[PDB]
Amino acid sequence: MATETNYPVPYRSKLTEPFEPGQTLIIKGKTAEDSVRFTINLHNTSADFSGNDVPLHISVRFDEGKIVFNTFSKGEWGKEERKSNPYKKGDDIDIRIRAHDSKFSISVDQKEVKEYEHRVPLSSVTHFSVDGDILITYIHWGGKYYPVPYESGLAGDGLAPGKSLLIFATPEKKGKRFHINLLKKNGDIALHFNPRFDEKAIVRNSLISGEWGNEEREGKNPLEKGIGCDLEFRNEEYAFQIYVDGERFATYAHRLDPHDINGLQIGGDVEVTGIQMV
């Protein structure tokens, strides 16, 4: 009888619109030493049909040590496709499903481990459910195919104090570095976040009147080439709180007045899959 606070299993959710290419479904949670398996299903039937048509069925098994993928259509399960389960009976799981026009790309712990070709229409995916021996801690879907270099304004309030900008990205396998700029109307950059793999460091700096300031670097640099990451920039009272994959990576004293930060740029050797302002 886990706390209904988190996502109670069985967890049944309905998408706003059908799952589109470029969108990602993220499922995070915890398992116990007694968990045998849990499932993730991309369902159909807006009329709520528990087990009607299932474009993609994911079964991670600690008893079999494998992750199973299959499709249910025309009232029948099809042929299974298997992959090794980086298992870990007990401890956190991070599974992400990204839709593309010819298949689903599934990543475990932000590492691409499976390409599942569509067998039935992706557009039939109108729901998703999670069940089994798992304690769901986080679920989220969205994103799109973001072109990089990327550049856009931020809604209206922009990244104002008390708000946080979440960016899901994947540094390129053969990339050297990439950057993210949080700018102001005149072109000044309140925050330049520049992961440089060749320097094994993440450079943070500000561009004021065309002149770069003092470089703040050195730190864990928890990023890895080819491995997806969750970047979060929380604009607080005295400084930006920079989170990387759940943990605070650094703090950056405001050098420019917060407020009016409504410019965003992303460049370098990186793939961007999600951007949300909370």
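Sequential numbering from 1, following the sequence displayed.
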Between 96-104 and 125-133, point out the one with the higher average CA B-factor as the PDB entry records it. 125-133
Quick one: higher average CA temperature factor, 80-88 or 173-181? 80-88
In this crystal structure's PDB entry, the residue among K28, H57, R61, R234 with the greatest CA B factor is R61
Most elevated Cα B-factor in the entry, residues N186, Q110, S152, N205: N186
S164 - Cα temperature factor, lowest/middle/highest third of chain: lowest
Taking only the Cα B-factors deposited for this chain, tell me whether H192 sits in the lowest, middle or highest third. lowest
Tertile call for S13 (CA temperature factor, within chain, third-based) is the middle
Within-chain third of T5 by Cα B-factor, per the entry: highest
For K114, return the chain-relative third of its C-alpha B-factor as stated in the PDB record: lowest, middle or highest. middle
